[PDB]
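**Q** Enclosed are the sequence and the experimentally obtained structure.
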Amino acid sequence: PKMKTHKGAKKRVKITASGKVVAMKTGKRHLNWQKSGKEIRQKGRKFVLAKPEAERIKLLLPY
Amino acid sequence: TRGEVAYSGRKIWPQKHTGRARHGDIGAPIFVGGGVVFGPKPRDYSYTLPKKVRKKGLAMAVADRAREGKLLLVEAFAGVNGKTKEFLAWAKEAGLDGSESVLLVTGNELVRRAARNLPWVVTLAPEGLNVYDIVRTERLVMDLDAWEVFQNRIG
Amino acid sequence: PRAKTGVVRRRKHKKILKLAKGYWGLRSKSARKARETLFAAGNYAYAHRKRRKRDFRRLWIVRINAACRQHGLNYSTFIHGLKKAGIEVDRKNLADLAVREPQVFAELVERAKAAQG
Amino acid sequence: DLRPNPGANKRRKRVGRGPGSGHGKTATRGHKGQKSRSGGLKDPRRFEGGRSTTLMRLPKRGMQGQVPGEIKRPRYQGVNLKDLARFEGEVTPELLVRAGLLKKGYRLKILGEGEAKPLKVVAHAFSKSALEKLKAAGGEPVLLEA
RNA sequence: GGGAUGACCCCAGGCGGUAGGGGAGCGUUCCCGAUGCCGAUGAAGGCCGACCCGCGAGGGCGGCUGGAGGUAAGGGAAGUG
RNA sequence: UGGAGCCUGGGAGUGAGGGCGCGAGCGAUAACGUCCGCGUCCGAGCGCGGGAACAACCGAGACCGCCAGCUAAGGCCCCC
RNA sequence: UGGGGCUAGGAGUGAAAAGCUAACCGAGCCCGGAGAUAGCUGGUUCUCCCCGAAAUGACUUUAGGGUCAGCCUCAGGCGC
RNA sequence: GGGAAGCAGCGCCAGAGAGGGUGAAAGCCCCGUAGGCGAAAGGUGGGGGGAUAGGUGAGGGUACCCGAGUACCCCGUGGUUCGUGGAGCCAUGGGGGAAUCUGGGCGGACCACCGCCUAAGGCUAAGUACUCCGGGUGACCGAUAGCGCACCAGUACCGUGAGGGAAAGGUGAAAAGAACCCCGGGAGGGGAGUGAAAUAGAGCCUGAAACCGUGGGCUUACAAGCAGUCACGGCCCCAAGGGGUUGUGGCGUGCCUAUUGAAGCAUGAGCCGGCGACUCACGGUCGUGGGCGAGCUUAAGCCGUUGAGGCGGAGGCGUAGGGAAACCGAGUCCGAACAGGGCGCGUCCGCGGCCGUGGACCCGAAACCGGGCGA
RNA sequence: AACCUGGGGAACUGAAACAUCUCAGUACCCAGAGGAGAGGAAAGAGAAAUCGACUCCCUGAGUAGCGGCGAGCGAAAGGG
RNA sequence: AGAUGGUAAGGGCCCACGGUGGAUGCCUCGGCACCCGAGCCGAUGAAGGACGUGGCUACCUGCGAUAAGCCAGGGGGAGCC
């Protein structure tokens, strides 16, 4: 009775005005050593599709 | 439910090489003795209707009635002193023979006492006007005090 | 409010058993053996109305042949004749003329072998 | 009005969906016909395969709180002057909660969009943009908490 | 398509079907309608029918049995087949 | 101009396939064997006609009714 | 061999079979936790109308279970 | 009419037309209902009155007292949202071990500032919990239902014991419960008689189905079958039409489940009746019938009603977005950047579909743990 | 009969294995109280130039936080 | 040289009337839920029992060797054991 928010999603993914699900590109916490400055440079956030409808459902109460 | 049922939990028979079918305990709902599946439990059916929508109706109710020409608000209660006879008479002077039913609304205890026992009367104080009572009757009669507190109940 | 079975079940049951009068043994007693029987009985009937239309095709044709073979020719020939002869008539049904009024059947055979030889 | 045809208009539809019959939703109950459709399934939203969620994505949304808790600091509620457009005289926070906007969400920040209007406006903050637009007649009662 | 929208007349197409999706109905118990309406000149239930109305689930009609209950039009709940 | 198509959303089931024809691998140019690829029919058309009988070979996509008429595969000595 | 006593459930007893411990002991019986759990097997109830699948791919302590894609359906919009 | 309370003629009460009873269906026949009364005795009882016990000031000086194996520190643990963590606070098994207001603890390691509170003695109504017990109500059940038990039930009966645990209600308004005769050892019947009714005659209302009989019509001893259907033809019963039966001819692989595929020699079912499986609560998300709209909406409670509704804005959603954050704001973030680039234009109730948490469509293990009972 | 405080205190299960974690201070055992019991007049809350014993309801809030940061668990102040 | 009629040990279908059995409907000294009220007893021997008690008495009920009952106060008014 009465849903609980999935703390480990809140802890890692913000949800936009339009209702899109936005988080940080994977693959750079010890990859590095020598990859292109291009690779590691290219880590800002992104969209996800279809699978965010699931994410969202879990951040019920807070929105 | 099959837990609120009286019986013991023991396994009625072995399960395996008995020849009968496989069973649990006898509180199970396939058991004629048994518990009952999706049965009623005590529950609360009430809900908060928009207070606005309550007002509209109360008002829309009295209107229809007045349109019919069946609303009559009054003042002079000569049929007083809590006696059925008196009211009876007063009511015929007003043109109420008991050929239609009447919601008689007033703050006056004694006029209320007088009617009541007539089958064609539903008596009621002004605080408790409500659309059900209004509709289930054919004709509506108000005291002026009663019509007042009805206007204050709107705006 | 409980709403127990009540009268309902019996009534669906004997609706059917009336439908089953006079089938052998348990098939007019039992309110489910009867059902199973009635299923096939249904299908059988549908299939068989279809069939009736065919069973009489055979009859009409079998005896026309008998009758017109009694004048020299055969059925194959006779029908071809009428076709050319312009008599969209007989209607195999209505060659019972062969039995009532063979006078007039005889006439039709002449017309037929008219267009045929 | 009579007691026949208070009849709820057009769409009440109380007709729920029952699956016991040989027409509509049979044997299996309108869905099902297999296994793990039988008293429970694992989620989904978040679950399954037994694979690796999409808890593979990380929390750079870092800075996420230590033991004694969150810190109690002052919070600011915005309101575009476009909304101030209605009412006239002197606008003051608390007079704004007594109306559609603000309520208890604490310190008022007037800011933003729409044409301004000649009057004194009491606040805790204005944006650059907002303060200028209030040049064509107005106020800078500011600071407060005093 | 008529278009005096008449839900009635005219024309032309579609209508095999498991898992499933969607749309209409029929029946069971209980509540308002009810201080009412039916009822011993016969309620409910039961037994018969080749009759009437529904595509159908069903609903009428008639005859026998039964002996005190039953409950419209229009709506509302569910231990509902 | 089609129970075509595209866009957004609510509800599913399925995730065990099978035979036939054609193109290859495995196998022994064996298997109602087994692996993929292109198509079909059964599945769900074990409804109907032909094939002696018979899911998938040939004919054909079954709203109901008729003691009317033309055909298809296959047939016209008797069973028929 | 009669009568009177003592030792019990990971415990007793055992000239040792995992034997015996109230007619089934590799851990007694009763009640409770309890409606344990059961990716497994079985069963699921009135009528008519329209549409109508799948047995593939990816990942899966996965392989008769799942999650996304694909194929069925309804509603809104777009209009060759 | 067996019986009036039905129907009809003419009346009356109502602060009483809740309900139950009377041979059927009654405001005025009975018991009641509205309304109003009543305790010698025992319980209860600041709700309303009285009486005690107990308690109420200010300065100025001394600095005598303010709860000890305690505070406090260290080691081992528990409580809290806190699982070693930057780990405080509150409790404490072990070791050390103070001070009496220039005394001592707390404000999340610690130090300094600024503040909060006085540990190591005790009591204290009310608001809250429950229901063996009594009363009132019911869009609760009506004898496989409802408690396990409507009935002499924790009974019979089962077990050494702890413990397990059923079945089984109904003549009639009134017993008027069939004197007497007849056959029979009786039990039963047949006359007679009571009754409106006796296939209401006593495990007696209604009395359905399986199952077992008797009587009547059609029908069968050279056939062969998922038991039927279509067509003719004969016989038998009210009339140019129907119903019953079946001689011959045509055609025809049970139901369910499970399956690539079942008449299948694959699963289930002797037959009949009755019981038997997608629910409810609270969140969520679409859809939909309404209300009000840049706004919409109340929760607990308080006042009424005794099947009446009002009040109550604490709160909640919405009106602005970006950023880990400081923050800025129609923008904002990475960036030195008037480069580029990412994100950035309603609510309440009803109804219906699906999801989360709870057995959550229903029946089923082998086992695991606790407390008892058995030599 | 329940209801209450103290001293002791499981496992099935969930984590789609399991050991920390969960079920849970639950089930259960024991002692004590009473028509209730517990608590209770600050060595308190926590940031307010603040409140002012204790208990109980609605909010706060699935928030702050805790967590093999998994499964999951989950406050207090403040306002009515 | 020829022919379709004709028997029922028994069997099948239909119709009528009974037997068994206890579904259905109607009925209710009983149950379930919620809300109110009320809330401890015991060494002055409880809760719970055993045995006993009637002119005649199996069981239930009530009582306790004073045993279906003994004393007094209050309530009621024609029937009781």
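**A** Looks like it came in fine. Residues are numbered from 1 along each chain as shown, chains lettered A, B, ... in the order given.
**Q** For residue D:84, give me its contacts.
**A** Listed by C-beta atoms under 8 Å, 6 or more residues apart in numbering or on different chains, the contact set of residue D:84 reads D:91, D:110, D:117, D:121. Where C-beta positions appear, they are placed from N, C-alpha and C, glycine not excepted.
**Q** Let me have those in JSON lines, adding secondary structure and distance to residue B:75 as columns.
**A** Below are the contacts of residue D:84 laid out as JSON lines (DSSP: H, G, I helix; E, B strand; the rest coil; distance: C-beta to C-beta, whole Å):
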{"residue": "D:91", "secondary structure": "strand", "distance to residue B:75": "51"}
{"residue": "D:110", "secondary structure": "strand", "distance to residue B:75": "57"}
{"residue": "D:117", "secondary structure": "coil", "distance to residue B:75": "54"}
{"residue": "D:121", "secondary structure": "strand", "distance to residue B:75": "56"}
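**Q** now the helices for chain D?
**A** Under the criterion DSSP state H, helices of chain D are mapped to D:81-84, D:128-133.
**Q** Out of those helices, which gets nearest to residue D:20?
**A** helix D:81-84 (56.8 Å; C-beta to C-beta).
**Q** just the helices in chain C please.
**A** Using DSSP H, helices in chain C cover C:8-19, C:26-29, C:33-69, C:75-84, C:91-94, C:102-114.
**Q** wait, which of the contacts of residue D:84 is closest to RNA strand I?
**A** residue D:110 (22.4 Å; C-beta to the nearest atom of the strand).
**Q** what's near enough to touch the closest one?
**A** Here residue D:110 is in contact with D:78-79, D:81, D:84, D:121, D:123, D:125-126, D:130 (C-beta under 8 Å, 6+ apart).
**Q** Would you point out the most distant pair within these?
**A** Farthest pair in those, by C-beta to C-beta: D:84 and D:125, 14.6 Å.
**Q** Report the separation between residue C:101 and residue C:107.
**A** 10 Å (C-beta to C-beta, to the nearest Å).
**Q** Work out which residue lies at the spatial centre of chain B.
**A** residue B:132 (7.5 Å; C-alpha atoms, centre = their mean).
**Q** any bit of the helix or strand where that one lies sitting next to RNA strand E?
**A** Using DSSP states H and E, residue B:132 sits in helix B:131-136. Yes. Applying C-beta under 7 Å from any atom of the strand, one finds helix B:131-136 touching RNA strand E at residue B:136.
**Q** What is the burial count for the residue in chain D positioned nearest to chain A?
**A** Of all residues in chain D, the one sitting closest to chain A is residue D:59 (3.5 Å; C-beta to the nearest C-beta). Close neighbours of residue D:59, defined as other C-beta atoms under 10 Å in any protein chain shown, add up to 15.
**Q** Over to residue B:155?
**A** 6.
**Q** where does it fall, helix, sheet strand or coil?
**A** Put simply, residue B:155 is coil when judged by DSSP: H, G, I helix; E, B strand; the rest coil.
**Q** roughly how far apart are it and chain D?
**A** Distance of residue B:155 to chain D, computed by C-beta to the nearest C-beta, to the nearest Å: 21 Å.
**Q** how near is that residue to residue B:59?
**A** 10 Å.
**Q** With residue B:29 instead?
**A** Distance from residue B:29 to residue B:59, by C-beta to C-beta: 51 Å.
**Q** quick one: residue B:131 and residue B:56 touch, right?
**A** No. Between residue B:131 and residue B:56 there is no contact under C-beta atoms under 8 Å: 9.7 Å.
**Q** Looking at those two, which one has more neighbours?
**A** Neighbours around residue B:131 and residue B:56, counted as other C-beta under 10 Å, are more numerous at residue B:131. The numbers are 17 against 12.
**Q** ok, now which ones touch that one?
**A** Residue B:131 touches B:57-58, B:60-61, counting by C-beta under 8 Å, 6+ apart.
**Q** From those, which land in helices?
**A** B:57-58, B:60-61.
**Q** ok, so of these, who is nearest chain D?
**A** Closest to chain D, out of all of the ones in helices among the contacts of residue B:131 and judged by C-beta to the nearest C-beta, is residue B:61, at 7.8 Å.
**Q** count of residues packed around that closest one?
**A** 19.
**Q** Hmm, it is touching residue B:137, no?
**A** No. Using C-beta under 8 Å, residue B:61 makes no contact with residue B:137, being 10.5 Å away.
**Q** Okay, strands next: where are they in chain B?
**A** B:71-73, B:102-105, B:121-124, B:139-142 (DSSP state E).
**Q** ranking the ones you listed by burial, who's on top?
**A** strand B:102-105 (a mean of 24; mean count of other C-beta atoms under 10 Å in any protein chain shown).
**Q** Just checking that strand against RNA strand H, any contact.
**A** No. Using C-beta under 7 Å from any atom of the strand, strand B:102-105 never reaches RNA strand H; the gap is at least 10.0 Å.
**Q** near RNA strand H, which residues of chain A show up?
**A** So far as C-beta under 7 Å from any atom of the strand goes, chain A lies against RNA strand H at A:1-3, A:14, A:16-20, A:22, A:44-45, A:47, A:57, A:60-61, A:63.
**Q** for chain A, which helix is longest?
**A** Longest helix in chain A, counting by DSSP H: helix A:51-57.
**Q** Ignoring the adjacent residues along the chain, who's closest to residue B:58?
**A** Nearest residue to residue B:58, sequence neighbours excluded (C-beta to C-beta, 6 or more residues apart in numbering or on different chains): residue B:131, at 5.9 Å.
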